[PDB]
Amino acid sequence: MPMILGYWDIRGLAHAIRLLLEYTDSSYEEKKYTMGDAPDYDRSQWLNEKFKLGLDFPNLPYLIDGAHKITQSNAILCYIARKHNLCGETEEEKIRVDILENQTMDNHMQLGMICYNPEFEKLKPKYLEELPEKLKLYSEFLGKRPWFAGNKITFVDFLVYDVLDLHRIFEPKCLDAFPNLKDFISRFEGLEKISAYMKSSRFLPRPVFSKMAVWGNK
């Protein structure tokens, strides 16, 4: 049995999971759900199935792995990471992992909040004002380490990468002030299975968000 990863036919919250899945070399298939166009943005393809998957808190994404039925993107992430020693070894490694796990989710919500907000264009200047600061925190937090946890790559590297990439897309010249972060993107995309996957026809970098979006809905 391969694992099933369920999600909308977009990037969204599955990106880190897909990347992690590939990096770990895990047998799996995606169950992609399509969303209708305006003004309903019909979701019945997912809603017809939402409550019949034995999920405890029906949501997307979800991962199904035989008996284990998982929701909550970070939960899927640590569940997979655990099978391959990537949830962090030492105590220091774990702290950093717990922080970044939630820190990235926050910066992600924040991006997604405006990109789904009809006011998108007016909010953008302020969000761009503050971006440099957000990225500085990551840069300083990474410091001279090869990975965010420390010396070993871990699943939060996938979360941090996704967030950084997203912004390089949103604001091309948004990483230049931080060599080490650009080095991080190199290392990560330089990883063999990551590279191979990025070249494959499975890669799915866009849409970034669902159709409801004002930006990256395309």
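Just count from 1 along the sequence shown to find any residue number. The term rigid core refers to the most C-alpha atoms you can superpose between the two forms while keeping them within 1.5 Å.
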Check your understanding: Which stretch is less alike in 5 other deposited structures of this protein, 33-41 or 157-165, counting RMS CA distance after the rigid core is superposed?
Key -> 33-41
Check your understanding: Mean C-alpha B factor from the entry: is it higher for 202-210 or for 12-20?
Key -> 202-210
Study note, to complete from the structure: Mean Cα B-factor check, 111-119 vs 95-103, entry values; winner is 111-119
Exercise for review: Would you mind checking where the Cα B-factor of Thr154 ranks among the modelled residues of its chain, as the lowest, middle or highest third?
Suggested key: lowest
Review point. For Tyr138, does the deposited CA B-factor place it in the lowest, middle or highest third of the chain?
Key: lowest
Check your understanding: Which third of the chain does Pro58 land in by C-alpha B-factor: lowest, middle or highest?
Key -> lowest
Review point. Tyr41's Cα B-factor: lowest, middle or highest third of the chain?
Key: highest
Study note, to complete from the structure: Sorting the chain's modelled residues by C-alpha B-factor and splitting them into thirds places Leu175 in the highest
